[PDB]
């Protein structure tokens, strides 16, 4: 009926982080990914290569929504792996090798690619997806792509992605009061953007009248 993509994603993250961490999530996801492939009668150990595994199609999404679930779990697992390494090196990057950063970025970029293909399949080909689902998918894809460029420290490009998902999410929140979308905007999108904008020195011109009015507002 409704794919509820980011609701599915935020839920899983919330599930694993209740009594656990990113290491926990990743395990949980690996189990669910496994059960998912069996339901779709898809190989768990790739050894009858009659086709290129993993190319999602609009007709397959329409046929079975589990094909969407497969993609989310796949993308979310790379995210977990990336967040887990980042967590290990939670002491300043000086602990963390430029190598580890590369692997962290690889994971996220992979998760982005998977989510991006999911959004594109959902969008055009009469997947049966509602316009809300198409927008939702795309925000999620923008979200992961934002995380990837943010970790690569490519501040401008990352701001482009986050701007797309924030705009869409702000709309989706407001339609639902987004008790899940507001948390996602509030806890992830907004803080990332503020940081990246700071790093990028965006805006170039210091808003000094804003600052003057607000600074003096406290008194």
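Positions refer to the first chain, counted from 1.
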{"item": "Stretch exceeding the other in mean C-alpha B-factor - 115-123, 92-100", "value": "92-100"}
{"item": "Between the two ranges 4-12 and 210-218, the one averaging a larger CA B factor in the entry", "value": "210-218"}
{"item": "Which of 161, 154, 170, 54 ranks first by CA B-factor in the deposited coordinates", "value": "54"}
{"item": "29, 184, 42, 165, ranked by C-alpha B-factor: the highest one", "value": "42"}
{"item": "Chain thirds of CA B-factor: placement of residue 68", "value": "middle"}
{"item": "Ranked C-alpha temperature factor of residue 193 among modelled chain residues, by third", "value": "lowest"}
{"item": "Chain third (lowest, middle, highest) by recorded CA B-factor, residue given as residue 128", "value": "highest"}
